[PDB]
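What follows is a single structure, and I will ask about it in a moment.
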Amino acid sequence: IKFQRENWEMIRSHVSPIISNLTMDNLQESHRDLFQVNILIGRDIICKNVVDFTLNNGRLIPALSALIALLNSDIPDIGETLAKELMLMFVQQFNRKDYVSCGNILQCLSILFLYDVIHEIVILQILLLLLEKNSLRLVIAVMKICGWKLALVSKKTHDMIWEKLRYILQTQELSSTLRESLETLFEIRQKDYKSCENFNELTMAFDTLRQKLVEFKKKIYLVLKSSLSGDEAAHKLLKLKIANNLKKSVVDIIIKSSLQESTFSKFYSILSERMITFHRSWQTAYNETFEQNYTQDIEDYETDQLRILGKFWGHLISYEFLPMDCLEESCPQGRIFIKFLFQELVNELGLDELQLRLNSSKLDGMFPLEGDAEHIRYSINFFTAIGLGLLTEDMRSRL
Amino acid sequence: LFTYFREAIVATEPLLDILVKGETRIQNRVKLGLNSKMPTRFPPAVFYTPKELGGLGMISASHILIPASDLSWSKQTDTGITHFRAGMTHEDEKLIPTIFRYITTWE
Amino acid sequence: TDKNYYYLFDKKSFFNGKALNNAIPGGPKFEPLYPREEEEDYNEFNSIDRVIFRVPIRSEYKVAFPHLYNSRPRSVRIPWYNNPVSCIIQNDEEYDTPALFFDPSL
Amino acid sequence: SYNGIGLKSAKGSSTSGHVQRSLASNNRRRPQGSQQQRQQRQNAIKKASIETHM
Amino acid sequence: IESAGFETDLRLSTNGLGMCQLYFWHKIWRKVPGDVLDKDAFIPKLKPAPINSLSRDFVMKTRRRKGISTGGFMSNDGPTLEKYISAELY
Amino acid sequence: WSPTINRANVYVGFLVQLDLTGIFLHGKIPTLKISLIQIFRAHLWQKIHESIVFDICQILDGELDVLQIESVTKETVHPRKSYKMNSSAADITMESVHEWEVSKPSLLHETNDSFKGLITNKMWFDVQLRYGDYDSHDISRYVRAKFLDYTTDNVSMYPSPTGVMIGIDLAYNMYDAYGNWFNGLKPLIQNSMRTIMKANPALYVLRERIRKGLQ
């Protein structure tokens, strides 16, 4: 008996802890925890915990209701007991002018009704009671909570309630607040709620219960090639409305297509621009593609193709893209690609202007400012290889 | 037409329209031979399929979604590419590629 | 039962559309009555130098106020311009009930 | 024709006369921010700049 | 300005359940947003302009309509001596 | 491109049946008809159908006692029955020794069967030729449809209510059959069909003609 008592005590504590915890961030975990502990011998304790919680977060009443429903589905007696307790609480509230308590209790009841725990008859009765004493503040929120459900189940009852409310509004000298409440209710209606001896055996039972509880690519290619201007192609692509997953893939495909053509075409660039303007996700995809290229896919290409790619990227970056670029060891294909890109930029912009633009962005990779023990020499040399300025100045600066 | 002005086609809408019309006319010629022109009985298969699979092997420039525009504001003043017009046919989502995309623009 | 439903689906509206070679996108379209003689010749009237484009002047609006929004309308009939129809029919077998709307203040 | 933009007539045309509105159009419309990327830059560049009666 | 094909549009939207009516008996004028006397102003010719340059553009259009501004591009300013007081002392 | 050019999904073609064949033309299409005639010269369709029937009969004869078959009677049908697409008739009526426990109306390529539904003493095979075309080139479906139609309405000149409708799409070389079956029959039937497709003389001739037409 002592052992049993101890167990019960433990259970109660656990329940309390759970109640304290209960929130949106860790609800599943809480549920799991609850499931772990027994609540047949400690059913009363569980009920107490639940009710207390309700009294406390009222904002997490729905969750509580759900939990109750879950419990009830397994152990119905407990649920019934809980319901009874709630009813009692409500009654007490009604008696003692404990308005907050009533509101809480009412809310709980509504939640229960919604989750198929308690019948709507009780709710109706409550509403009637509220009406009899001209209490608009109590029944207004409750109704809202269990409005749609009420309509679904006891439509006649709902209608009656509405009628009563109307009567109160018109055929009774109501207060301002009351009137407001009534109005709110009406509005809601218009939209239809838019917002022991056998202890061991029992234990055994509970444990048991616990235990129990290419084609696409082809299509893209076709689209690219079945289109006069790039604009048209872009439009076609957008029509498809492929998921934010596949955008990157699409971009890659486009790039490949571009590479395949003998020399760099404005078309692809135009298409890219169109895509980029259209949405942030496409921009992101483009960025990702770019990253992939210079990092891992650049060294695979033959020279002409690489050059073309660079040109395309330059075009993209001359206007549309932000100049964000991540650049001794890394110098074969990649270096030539970079050179090509630079050339493209120069062509688009104008040398001094281009330089200024570069300066404006953070740009540590393309032009590292800090001397870093003759590491910038290499960069300078590279720059010299493809007619450019400012390198000399940089060199002078460091000495 | 296309090899001579590769780049310069894209902008001119009248030319595009003519191409669409011309292509259609050509198609109908073939369909005239077969004494019908019922649009279902000639799916693009029979025209654009190459001769090496028994088709006519045309080289379309018609399945382009033509640039439409505010003809109010087109001839007048300034322009931008908005609202595409139909292009040439009902398709079974069969995007027939266009000769232009296989010709390297003059620049 | 609401008569106002047929806004820009009137026979008159259709006729207007036909006249103005202006499809209400849902509705039908025809050969234009008049051939579009594009001979403005860049005049000082209706220029894009002159006018403002806050409204896009949709062709929905053309058949609604034909004589206004459309310039050089011809054989254009006048359309209707209506009241709203608050008419509530009970589908749940009940009798004279303020259901869909809200009560007076007093 | 809808908003001054559809093809005048379905006949002749030798085509459906169907009209998808383009999604490049939207792009064209929207670059107020893109203007700022350029417009903004421009602004930055040129950013710094009676008693008797009483 | 904005109330061109307002009512019709509303009707179209609402399947003819809402009927707008516009009126002007309050005589309630209001500042056009944006700031007149700006030579940079706006981007688009064909589209609706932005809201900072809205005032300017409208004014320009009005001028054009009148025949005040002579040509495709122009400005608005005070005619006085000393180069408008040296452009208001720079 | 006959199987696209002539096809069922036509807008307004007055569907004439071509002369001495089962080849519907949805409207007068010019060269096509001539080609078809050339292909199916000298009553070729009829020959094909009859040939198939003969083959089936032979097969039946070969496997008489294995499937409990009393007699395999080839009915004296009207010559045009091959190319009467509206109506039909039982070509090879089939008497049983003991009572067959046939399955429900089902297809020729079906792994799952149940031979406890209907019972019968007499059966029939119908051979139905068809010239296919891009829209209705599915043969199996067509055969099923035919079965649904013919067997049910009033009387379709079948002696027994239960039988099978073999069908060979001459223009796609697809074959399929549908109807009622008894245990061990179906695989054999399938095999026979396959054999026929590989090599029936008439079919071969037809193929040759087609090739010639196409060059």
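For clarity, chains are labelled A, B, C, D, E and F in written order, and residue numbers in each chain start from 1.
We take it that a contact is a pair of C-beta atoms (placed from the backbone, for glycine too) under 8 Å apart; a residue touches a chain by one contact, two chains touch by 3 or more.
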Worksheet item: Can you name the chains that touch chain C as well as chain D?
Response: A, B, E
Practice prompt. Find me the chain with the mean Cα position closest to the mean of all the protein Cα atoms on display.
Written response: A
Worksheet item: Count the touching C-beta pairs: is B-C or A-D ahead?
Response: A-D
Fill in: Whole-Å separation of chain centres (CA-atom averages), chain B against chain F
44
Fill in: Approximate Å spacing (C-alpha centroids) for the pair chain B, chain D
28
Worksheet item: From the C-alpha centre of chain D to that of chain F, how far is it in Å?
Response: 66
Worksheet item: If you look at chain E, which of its residues touch at least two other chains?
Response: 45-47
Discussion item. Going by the contact rule already set, what residues in chain B reach two or more other chains?
Written reply: 65, 70-71, 73, 77-78, 80-81, 84
Discussion item. Please output the residue numbers of chain A that touch at least 2 other chains, ranges allowed.
Written reply: 231, 235
Worksheet, complete the sentence: Inter-chain touches occur between A-B, A-C, A-D, B-C, B-D, B-E, B-F, C-D, C-E, D-E
Response to the item:
Counting only contacts in the complex, chain D reaches chain E at residues 29, 31-32, 35, 39, 42, 49
Practice prompt. Quick one: which bits of chain D touch chain C in the complex? Just the residue numbers, please.
Written response: 1-4, 6, 8-11
Worksheet entry | Touch list for chain D against partner chain B, complex | 3-8, 12-22, 24-25, 28
Item to complete: Report the residues of chain B in contact with chain D in the complex, numbered from low to high.
Response: 20-21, 24-25, 65, 68-73, 80-90
Discussion item. With touch defined as at the start, can you tell me which chain B residues reach chain C in the complex?
Written reply: 71, 73, 75-78
